[PDB]
Amino acid sequence: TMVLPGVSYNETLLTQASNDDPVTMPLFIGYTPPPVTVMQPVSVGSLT
Amino acid sequence: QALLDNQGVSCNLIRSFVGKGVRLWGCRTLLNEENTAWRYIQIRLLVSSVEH
């Protein structure tokens, strides 16, 4: 019938952080220059 | 894990603690009830001495 103090831990949060805007990202949609997919966008670090 | 059913009247549990001694763990009278100020045994007894 009894009960302990029930210290009741909880916490809260943060993080709006979402920022991206990948609208300014271009997509090069050419053929393969002669083993990629025929279909997927591929990110580019550099021309190198 | 029986007597945890709070359908019969209340108890006073006694608990052995780890970093401190066997600590008393119940003061709530067998009025198994939430609103009458006649749980909390000290309340029953504080008035009675004043009555005395």
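Here, the structure is the one placed above.
Our subject in this report is the structure included herewith. Here every chain is numbered from 1 following its written sequence, which may not line up with the entry's numbers; residues without coordinates are dropped from view. A letter from A marks each chain and a number from 1 marks each ligand, given out in the order of writing. These chains belong to a larger assembly; the numbers reported describe only the chains shown. Note that the side-chain values use all heavy atoms of the structure and ignore hydrogens as well as water.

### Points about the interface of chain A and chain B
(1) Moving on: In this assembly, 5 residues from chain A lie in contact with 14 residues from chain B.
(2) Moving on: Put simply, buried area is how much 1.4 Å-probe accessible surface two parts lose in total, over both of them, once they are put together. For the chain A and chain B pair, buried surface summed over both sides reaches about 700 Å², with 64% attributable to carbon and sulfur atoms.
(3) Moving on: Considering only the surface of chain A that becomes buried against chain B, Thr1(A), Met2(A) and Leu4(A) emerge as the three largest contributors, covering 84% of it.
(4) Moving on: The rule for a salt bridge is simple: a side-chain nitrogen of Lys or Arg has to be within 4 Å of a carboxyl oxygen of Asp or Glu. Linking chain A with chain B are 0 salt bridges, by the criterion used here.
(5) Moving on: Any N or O atom pair separated by 3.5 Å or less is treated as a polar contact, with the protein-specific requirement of one donor-capable and one acceptor-capable atom, and with residues adjacent in sequence counted only for side-chain atom pairs. For the pair chain A and chain B, the interface holds 3 residue pairs in polar contact. In this description, contact between two residues means that some pair of their heavy atoms is separated by no more than 4.5 Å.

### Regarding a nonpolar patch on the surface
(1) Moving on: Note on patches: the residues involved have over 30% relative accessible area and no salt bridge, like charges join within 9 Å, and the nonpolar side chains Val, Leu, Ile, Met, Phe, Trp and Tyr join within 5 Å. Per-residue and other accessible areas follow the Shrake-Rupley method at a 1.4 Å probe size, with only the shown protein chains counted as cover for residues. A cluster of nonpolar side chains, namely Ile14(B), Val22(B) and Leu24(B), defines an oily patch on the protein surface of about 350 Å² accessible area.
(2) Moving on: Summarising the element assignment, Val22(B) is placed in strand β2 (residues 22–25). Helix and strand assignments come from DSSP, with helices taken as H or I runs of at least 4 residues and strands as E runs of at least 2, each series counted from the N terminus.

### Some words on the state of the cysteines
(1) Moving on: The term disulfide is used for any two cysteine sulfur atoms that are within 2.5 Å. Per the counting criterion, the structure on display carries 0 disulfides over all chains.
(2) Moving on: Left without a disulfide partner, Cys27(B) is nearest to the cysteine sulfur of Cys11(B), which lies 12 Å away.

### A few points about the pattern of salt bridges
Residue and element names in this part refer to chain B.
(1) Moving on: Under the criterion given, the structure shown has 1 salt bridge over all chains.
(2) Moving on: Two residues, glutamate 51 and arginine 44, come together in a salt bridge whose shortest N-O distance is 3.9 Å.
(3) Moving on: Throughout this description, buried means an accessible area under 20% of the type-specific maximum (1.4 Å probe, protein chains only), exposed means over 50%, and partly exposed covers the range between. A relative accessible area of 32% means that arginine 44 is categorised as partly exposed.

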